[PDB]
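PDB author numbering puts the first sequence at residues 161 to 254, 260 to 291, 295 to 299, 303 to 364, 371 to 521.
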Amino acid sequence: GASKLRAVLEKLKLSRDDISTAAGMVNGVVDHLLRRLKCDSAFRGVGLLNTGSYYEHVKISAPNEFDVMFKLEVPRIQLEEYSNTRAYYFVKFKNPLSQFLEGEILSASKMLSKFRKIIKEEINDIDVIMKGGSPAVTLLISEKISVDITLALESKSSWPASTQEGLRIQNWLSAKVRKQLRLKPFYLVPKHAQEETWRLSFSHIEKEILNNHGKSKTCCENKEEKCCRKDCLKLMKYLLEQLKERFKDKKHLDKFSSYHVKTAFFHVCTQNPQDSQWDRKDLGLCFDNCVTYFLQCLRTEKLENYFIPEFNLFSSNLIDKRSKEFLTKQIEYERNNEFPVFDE
DNA sequence: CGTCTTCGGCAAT
DNA sequence: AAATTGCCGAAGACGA
Ligand SMILES: Nc1ncnc2c1ncn2[C@@H]1O[C@H](COP(=O)(O)OP(=O)(O)OP(=O)(O)O)[C@@H](O)[C@H]1O
Ligand SMILES: [Mg+2]
Ligand SMILES: [Mg+2]
Ligand SMILES: [Zn+2]
């Protein structure tokens with residue numbers, strides 16, 4: 161019901177007064193931590209990269225969770241793939262970060278220790297409190316707003332071989348745009364699989386795609402070309418959020434995150450490259466495409482990382498089969514009854 | 001649809 | 001020498 165879905169999206173609209181107060185609190189704390197980190201020899205070339213739903217304009221309910229990425233431009237990087245995970249690597253150099266070296270590989274553990282320590286020493290100074304390595308630190312500002320701070324290495328090199336067949340946007344955002352996007356740097360965040374591994378990150382490309390998302394260059398720039406891509410992502414994020422809360426006493430949905438929904442959404446955009454396939458009048462049909470695709474990923478236990486096709490976010494090593502069947506069962510029930518979790 | 005606010009980039013310090 | 005910063009304009013809440 162497109163009429164009901166529009167009512168849900170109004171409920172999910174952020175308060176501009178809340179945005180102004182929340183952004184002010186986040187920026188003040190983030191700018192403070194950047195100034196301190198820029199004073200350290202190791203974090204000398206640190207820079208800010210705003211990531212996540214808020215800066216992608218797909219945050220729902222309230223601006224209570226922010227995601228920032230503190231990126232270091234590292235030089236002469238040499239990646240070594242860990243096992244055959246296609247997404248986790250060991251970092252080597254072909260310098261400031263010499264202190265974090267353990268042998269010849271860059272220690273994500275050591276680098277995370279100084280990162281957390283410098284931030285923790287600076288957070289006790291401030295009405296903010298600090299709480303698998305990525306995000307490095309989670310701040311709670313005034314008991315209302317949480318900010319995930321992710322340490323990240325910036326490599327301006329060509330993307331690793333595992334991403335060769337990823338970012339399949341040629342028939343959607345154009346091969347010209349895929350060439351320019353893959354020219355931008357890629358990022359490595361400390362994530363353990371072994372605690373000295375780094376995981377590939379493309380949150381900057383995800384933000385850029387979401388804010389320049391149409392086949393048409395003028396998509397969502399005027400009233401005539403308002404698509405419902407972001408509305409469908411919001412509805413999918415809310416559906417998973419309401420289900421995880423409804424079944425929080427059970428532990429099945431604890432492994433599911435909004436990134437699974439966001440990754441699945443990018444795949445639906447590849448499957449439906451035209452803006453006419455995302456017309457505002459067809460919000461219920463477009464949302465059902467996102468639901469139908471997400472059910473297919475659950476049932477087949479296959480949800481490829483949008484940038485690393487061989488990395489399966491729904492792998493059996495990552496999520497239990499009973500968790501996928503449970504979420505499959507609940508989504509099918511929810512769809513067959515006009516999504517009761519939206520009313521709550 | 002005009003107004004106001006925030007965010008992102010990068011010449012110019 | 002290279003990190004900082006002010007500013008322009010899009011995105012989107014908001015109302016009338
Ligand atoms: N498993 C993952 N693999 C790769 N990148 C991830 C993963 N989880 C999160 N990210 C990156 O971190 C960012 C923030 O993720 P987070 O878990 O905070 O949710 P989100 O995308 O911000 O949406 P919301 O916070 O509203 O649920 C994402 O935009 C994504 O780019
Ligand atoms: Mg977020
Ligand atoms: Mg997070
Ligand atoms: Zn659009």
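Ideal Cβ positions, reconstructed from N, Cα and C, are used throughout, including at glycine.
With which residues is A323 paired in a DSSP beta bridge?
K231
Considering only C-alpha positions, which residue in the set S345, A222, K403 is nearest to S317?
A222
Contact belief for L430 with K439 at Cβ below 8 Å, rounded distance in angstroms:
Not quite, the Cβ-Cβ distance comes to about 16 Å (not below 8 Å), so this is no contact.
Measuring alpha carbon to alpha carbon, tell me which of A346, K425, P356 ends up nearest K392.
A346
With a floor of 4 residues, list each alpha helix (DSSP H) that falls wholly inside the region 484-521, ordered by position along the chain.
498-513, 517-520
For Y248, report the span of its beta strand (DSSP E) as first-last.
248-253
The alpha helix (DSSP H) with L430 in it runs from where to where?
Per DSSP, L430 belongs to no alpha helix (DSSP H) and is neither H nor E.
Anything with a beta carbon under 5 Å from a heavy atom of ligand 2 counts; list them all in chain order.
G212, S213, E225, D227
Can you round the beta-carbon distance between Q371 and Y242 to whole angstroms, since I take them to be within the 8 Å contact cut?
7 Å
Which whole-angstrom value is the C-beta distance of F226 and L322, which I expect to be below 8 Å?
At roughly 16 Å, the Cβ-Cβ gap does not stay under 8 Å, so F226 and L322 are not in contact.
Hey, could you find the ends of the alpha helix (DSSP H) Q351 is sitting in?
346-352
According to DSSP, is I270 helix, strand or coil?
strand
Using the beta carbon as the reference atom, which residues fall closer than 7 Å to any heavy atom of ligand 4, ordered along the chain?
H390, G391, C396, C397, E402, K403, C404, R406, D452, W455
When you compare the region 484-497 with the region 376-386, are there three or more beta-carbon pairs, one atom per stretch, that lie closer than 8 Å?
yes
Beta-carbon proximity check, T395 vs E402, cutoff 8 Å:
yes
Closer than 7 Å by C-beta to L490: which residues in its own chain qualify, once you throw out the five before and the five after it? Chain order, please.
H437, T440, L480, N482
Less than 7 Å between the CB of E383 and some heavy atom of ligand 1, yes or no?
yes
Return the Cβ separation of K432 and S500 in integer angstroms, given the expectation that the two are a contact with Cβ distance under 8 Å.
6 Å
Compute the Euclidean distance between the alpha carbons of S263 and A273, then round it to the nearest angstrom.
12 Å
Around the Cβ of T211, are there at least 16 other Cβ atoms within 10 angstroms (buried) or fewer (exposed)?
buried
Just to check, is the beta-carbon of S175 closer than 7 Å to a non-hydrogen atom of ligand 1?
no
Mark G268 as exposed unless 16 or more other C-beta atoms lie within 10 angstroms of its C-beta, in which case mark it buried.
exposed
For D290, name the three-state secondary structure that DSSP assigns.
coil
Counting Cβ pairs, one atom from each stretch, are 3 or more of them under 8 Å apart for the region 161-174 and the region 458-465?
yes
Leaving out five residues before and five after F464 in sequence, what residues of the same chain have Cβ atoms less than 7 Å from its Cβ?
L165, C409, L412
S378, enclosing alpha helix (DSSP H) - first and last residue
It is not in any alpha helix (DSSP H) - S378 instead sits in the beta strand (DSSP E) that spans 375-378.
Are the beta-carbon atoms belonging to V228 and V190 less than 8 Å from one another?
yes
Is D431 near ligand 3, judged by its Cβ being under 7 Å from some heavy atom?
no
Nearest neighbour of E373, chosen from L266, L472, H192 [CA to CA]
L266
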